[PDB]
Amino acid sequence: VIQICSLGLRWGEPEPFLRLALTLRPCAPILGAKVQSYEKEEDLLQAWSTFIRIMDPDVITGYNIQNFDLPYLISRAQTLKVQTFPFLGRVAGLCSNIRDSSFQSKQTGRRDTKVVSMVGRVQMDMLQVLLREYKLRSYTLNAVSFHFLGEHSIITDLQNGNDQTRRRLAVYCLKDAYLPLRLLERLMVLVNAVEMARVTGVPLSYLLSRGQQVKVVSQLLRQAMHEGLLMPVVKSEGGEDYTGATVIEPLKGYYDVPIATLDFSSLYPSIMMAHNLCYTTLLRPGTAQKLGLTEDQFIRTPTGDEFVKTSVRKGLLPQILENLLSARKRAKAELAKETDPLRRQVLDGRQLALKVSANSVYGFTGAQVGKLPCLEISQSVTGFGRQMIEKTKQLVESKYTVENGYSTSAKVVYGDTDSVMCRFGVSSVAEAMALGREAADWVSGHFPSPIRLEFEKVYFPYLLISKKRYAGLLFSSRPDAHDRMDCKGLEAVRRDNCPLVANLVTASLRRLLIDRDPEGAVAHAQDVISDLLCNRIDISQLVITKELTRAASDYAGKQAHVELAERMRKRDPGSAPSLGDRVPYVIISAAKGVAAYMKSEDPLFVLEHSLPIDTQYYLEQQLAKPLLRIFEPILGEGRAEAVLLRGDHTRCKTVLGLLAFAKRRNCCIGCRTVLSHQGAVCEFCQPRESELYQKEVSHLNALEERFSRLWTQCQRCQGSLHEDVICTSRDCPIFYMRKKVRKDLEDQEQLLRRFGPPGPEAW
Amino acid sequence: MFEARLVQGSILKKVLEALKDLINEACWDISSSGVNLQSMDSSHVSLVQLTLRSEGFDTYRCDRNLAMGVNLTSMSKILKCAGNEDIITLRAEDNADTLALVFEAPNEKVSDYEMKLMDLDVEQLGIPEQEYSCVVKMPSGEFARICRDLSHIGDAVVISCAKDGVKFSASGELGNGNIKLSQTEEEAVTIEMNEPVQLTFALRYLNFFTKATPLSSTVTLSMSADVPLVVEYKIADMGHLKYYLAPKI
Amino acid sequence: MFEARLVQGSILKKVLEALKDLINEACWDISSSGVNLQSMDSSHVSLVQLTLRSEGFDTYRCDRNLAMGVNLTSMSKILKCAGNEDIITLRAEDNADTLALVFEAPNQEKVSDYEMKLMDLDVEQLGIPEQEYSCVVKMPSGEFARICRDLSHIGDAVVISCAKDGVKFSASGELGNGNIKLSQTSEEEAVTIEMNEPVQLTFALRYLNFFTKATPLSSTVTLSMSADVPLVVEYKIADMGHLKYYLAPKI
Amino acid sequence: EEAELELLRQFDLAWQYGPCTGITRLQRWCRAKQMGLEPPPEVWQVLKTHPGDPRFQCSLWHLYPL
DNA sequence: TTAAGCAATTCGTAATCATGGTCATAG
DNA sequence: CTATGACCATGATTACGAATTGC
Ligand SMILES: Cc1cn([C@H]2C[C@H](O)[C@@H](COP(=O)(O)OP(=O)(O)OP(=O)(O)O)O2)c(=O)[nH]c1=O
Ligand code: SF4
Ligand SMILES: [Zn+2]
């Protein structure tokens, strides 16, 4: 271990107050930080342990400190025989130890971590907070720093060199150690963790280790001491499933008359609230008998149970849910007065977390592997849901009709278990908004409270492909003209595909829904396919990522990413994907057509070893079928022939051990006839040579302009204008797009030396 | 304007059945000398060299040296619409991006097919004219069988050529085996060993090369230390078809 | 050290083509008497008995009695690398856990040598109760094969009814039912029947169809039935020995 | 050898001779000599007693896709 | 000792089933 | 030297698991 670098601050002050860097050879001074140097590693580990005792911090953060940093330090101190290192905690006579742990759920998957013991102090690895809350494409520090802010063997010779190289290494390490602080204070992590621990009543270490059961157990016990009840222990392996939610059958297609969306807000917690459903008021089938009082003492549910009215008991789950609902309402009332966009979405994150907590209260009941299940309640909930949504659809389509004085009889096109997308008939967004608000407020008056239906949007135009797949354009007000698109479910929000395909789907829906020009859309898709086949598409747009889950399900059937991961490298059998992460790969061309798991390769390996790409795989398996989903419903099946013919005019333009034994046959630039001698033009195509020189110097001119815009961008992203660039960042498009233009220019410069020189040079 | 008349059209059929599975898109260099084609395979592990001399054709004619990137799969499909006895006629227009295939039945029927050409910027390679330590001539059928047999034992074949004879061998899950040929008209095996050689090749590709068996009674194998194996089938008076396979290192 | 030379090697090829689909892994008992193999099928519904007498071989030789657990699938694949005219030579080493198959092409300018890996099989041995049969039917193997293929289109099982005059096979299913009747005649085209007692038994055409892969081994096949016992289907391997298939009936 | 391979690795990272990871080693030695910054006469005397070896006459990172 | 629920759509691999090109031998 | 179906080889259909998103 050669350098340790530390940043420290008091919470509430907008800058740090401590900035220290401890190195292992003599170094050069850095303005703003202290620098100390040692000639042996024992002094370095001792100095860090003494600093961490004396400063005595409350919280320790970092990025991947649990699974890399602390056990490396502990094992390295054990090897070098330094006895006083592993006492990092607060208790004076206690040493620390490495211990494995695993967590698994159907919500976050399964992850295996080490833990290191520190008594008194709290740990917050920001990697685990990101991996638990956020669903992203890559989880590298560079990728999340670009997504939120906007950015090994070389180091061994920056350290065996001079002291300005070591000073450069220390400035790099200090920037690395500074980035997670900025992420912690910018994303409102710690304020939301403190508010979660105050609303639920669990400690601050449980929100990084546990799930959503300890919190609902805690709140139920805290509500149970106030009336004098005790909880039982029921455990069963195992019950059966029950029936979930209804989806209404669509009227599929393309709509160009406005559809208004009406939905219920906080549906399942308000069902559980306003019909008095709880553990503590579930009536067994016999204890009603032989009392006969049915009216206003109990009710009956569509699955079949009987539940006591609120004039006898009050349940415990209504009160816990009412507290959580008021907390989320206060968070939304605070969110309704922000102007900054990233701040608006992080308050949206806070309210999303409180709504997830309130819904996991209901999901506690149906978990037959758990601590206290009561599937009768769950069945009553979803039965009430189904009954109310079909009530909504009957009522909306039945009242506003041609005989009832209105304009047109409306017709529901879609509904998915909480929402209803009714198509009204008018093509004026003001009149649709007015009637939709009247409908929402009208239908809501047929229920107990807090059951309320609300207007939410007007889509104009609309595109419905299947169940859980649609798109549209979003209206919030009228003079607020339009907000954005909505892409529910489609190929632009999933992460199982290429960036090329998601970009093409977004650009096609842009040209098709905003400008309403299908001809520019056809020309766009043609240019994408043509530039694919002509081999001028970057390999950033070709990378596919998949998650490496539990190893036995991936034992059960052969996949591509599992095959790439389990195949080690010759260079490194010590850095490879583990369980739970994401494996990136691209597909190269070969002749083993039975298996697409035999053609997958690491992006850096195909970078350094230059393997070709299977353009037919990407053409017929990645691109073609999402396009045939989207482009068909506006036209007939002559549209499938239109895009497969727009392919056909553009499919006829394709660019191209033994490879060393070349002959390098020259070819005519005009008509492609191989011939003896080095002159560029053919003897039949000579009278046309000024035009053939004119052609292709406007190509060299455009490659020259692309070299310079890229190789000076690295100088501004690096910081310095006087020293070399070293950044092989695999998540930057800049890298390997700066590598191919050198070769394009190398090739296009040599093609023009077929022609003579435009003058002498030795004069 | 190109125009070639080939009476034994079955030759053209056999040729495409020998390239189609190895090559998707190729380029044919037509000229007064005859038709020619050279292309790496998909895998970029081998190189095919086709040579159809104008002499072999019963009527050749090439005004402009015109080459069109042909889709061997489409040309293959098209060529299957020809009887093994029809007279085939290739005919192109220096200005048209389409090649024409006309089949004349011996006896009242004429098929005409216009195949769409395409712009191919194929990666050209140059073969380094070299000498070979060993050249083995043998029935093409025997060679074909050998490659099929071994393919059941393992994925690669070690071709060991010594003074007396040549040996092919492989190994896998179900053990291993080897076939030995020794010197002894188109049923005989001749060997020219200047230097014993030993090289490893993928049976998968050798098996592709063998789709050319119906083109010749015999096939010659030319090897040499650390260089591509040469598998060649003569196309009687027309020219030939050569397959170069990079060895495994 | 085992070593047998078989000039009509196509015989060995035909044998494996008749066992491979019924048996995955078998044991080959070698001795001075000749090669022998007895094994239940996967399904444990039938038993195959192969007998290759040393006399039939053009050069037999067995020093130590051998038991070769062979994977009939690997041996089958390997055997397909033999021409129907090559001279095949089985050769083993009492100490080596590998069997060697050498094929010599008639001309002799080519020799193939295959070393197949053996395996330790603890196969479940069975003993056939030497018994007598009420009915024995001899008939062309091709006719028998066709009968089994035909009925297979009607149903899954075949009822073989043997009476005085002749024998009858029948089946039924979704698309109706049918039956074929064979009667005695008066060499490899005739049908002979030996009925001591009329018999009726039900068998699965699926297995009978496996037995028929042995058709290319003999011009004729004999069927031996008896009340409540396994049907015997036997194909003679001229001067070499034979191949017997026992199928348990359906009750 | 093994002591001559650290002198060149020390000449390659001294900042007072230039920012050199795109060019050869002897070109940077002559560039500094033209401007006469202070090239030392020992990083020359190992680039003369060798032929065209790629581990003497090349910069440290002449691999490495930067 | 540890873990909130169900509905639905998409894609890849192996296995099942249809169909033609050679071929091998009886007429 | 020539019909016939048995044999090998290649392509179309179905089934089921894995992955990921919407409520
Ligand atoms: C998202 C989600 C919904 N549901 C159920 C409960 C909800 O009552 C029902 C509706 O889904 P949602 O509309 O997503 O959530 P919501 O209606 O409760 O709150 P809001 O309208 O303010 O966004 O779906 C779950 O059970 N678990 C979940 O994770
Ligand atoms: S390649 Fe250049 S632009 Fe891209 S991340 Fe690295 S330094 Fe920045
Ligand atoms: Zn020209």
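Method of determination, as given in the entry header: cryo-EM; reported resolution: 4.27 Å.

Caption draft 1: Structural detail: the interface of chain A and chain B. Contacts between the two partners involve 17 residues from chain A, matched on the other side by 25 residues from chain B. Taken together, the residues that form the side of chain A that touches chain B break down as nine nonpolar, three polar and five charged. In this sheet, strand β9 (residues 119-120) of chain B lies alongside strand β21 (residues 653-654) of chain A in parallel orientation, the contact comprising two bridges. The residue of β9(B) that forms the bridge with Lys653(A) is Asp119(B).

Caption draft 2: Highlighting the sheet that holds strand β12 (residues 176-183) of chain C. Residues and elements named next belong to chain C. Read from one edge to the other, the open sheet built from four strands follows the order β12-β11-β10-β14, with strand pairing classed as antiparallel. Both outer strands of the open sheet, β12 and β14 (199-204), are each paired with one neighbouring strand and no more. Within the sheet, the average angular offset between the axes of one strand and its neighbour, ignoring direction, is 20°. Of the strand pairs in this sheet, strand β10 (residues 157-162) and strand β11 (residues 166-173) are connected by four bridges, and their pairing is antiparallel. Note that in β11 the partner of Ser161 across the bridge is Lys168. Packing against the sheet, helix α3 (residues 141-151) makes contact with β10, β11 and β12, and its axis sits at approximately 165° to β12.

Caption draft 3: Highlighting the site of ligand 1. Residue and element names in this part refer to chain A. The environment of ligand 1 is made up of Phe264, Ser265, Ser266, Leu267, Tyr268, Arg328, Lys355, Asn359, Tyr362 and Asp418. Note that an oxygen atom of ligand 1 is positioned 3.4 Å from one of the backbone N or O atoms of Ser266. A distance of 3.4 Å separates an oxygen atom of ligand 1 from a polar atom in the backbone of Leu267. Secondary structure elements with two or more residues in the shell around ligand 1: α9 (267-274) and α11 (341-365). Looking at the shell around ligand 1 element by element, the count peaks at three residues for α11. Within the shell around ligand 1, the residues separate by chemical class into four nonpolar, three polar and three charged.

Here is what the cut-offs are and how they apply
For each chain, positions are counted from 1 along the sequence as written; this may not be the entry's numbering. Residues without coordinates are not shown. Throughout, the order in which chains and ligands are written sets their labels, letters from A for the former and numbers from 1 for the latter. For these chains, which sit within a larger assembly, all listed values pertain solely to the part presented. For side-chain calculations, the full set of non-hydrogen atoms in the structure is used, while hydrogens and water are omitted. Residues with missing side-chain atoms are left out of burial classes, side-chain pairs and their counts. By the convention used here, residues are in contact when the closest approach between their heavy atoms is within 4.5 Å. Amino acids are sorted into nonpolar (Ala, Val, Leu, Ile, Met, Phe, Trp, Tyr, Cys and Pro), charged (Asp, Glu, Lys and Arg) and polar (every other residue, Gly among them). By the convention used here, strands pair only if DSSP detects at least 2 bridges between them. Each helix is a run of H or I in the DSSP string that is no shorter than four residues. Each strand is a run of E no shorter than two, and both are numbered from the N terminus. For every element, the axis is a line fit to its C-alpha atoms; helices are fit only across the contacting stretch, and the angle between N-to-C directions ranges from 0 to 180 degrees. Proximity criterion: a residue is near a molecule or strand once any of its heavy atoms comes within 4 Å of it. Polar contact is the term for a pair of N or O atoms within 3.5 Å; when the atoms are in protein, one must be able to donate a hydrogen and the other to accept it, and sequence-neighboring residues count only if both atoms are side-chain atoms.

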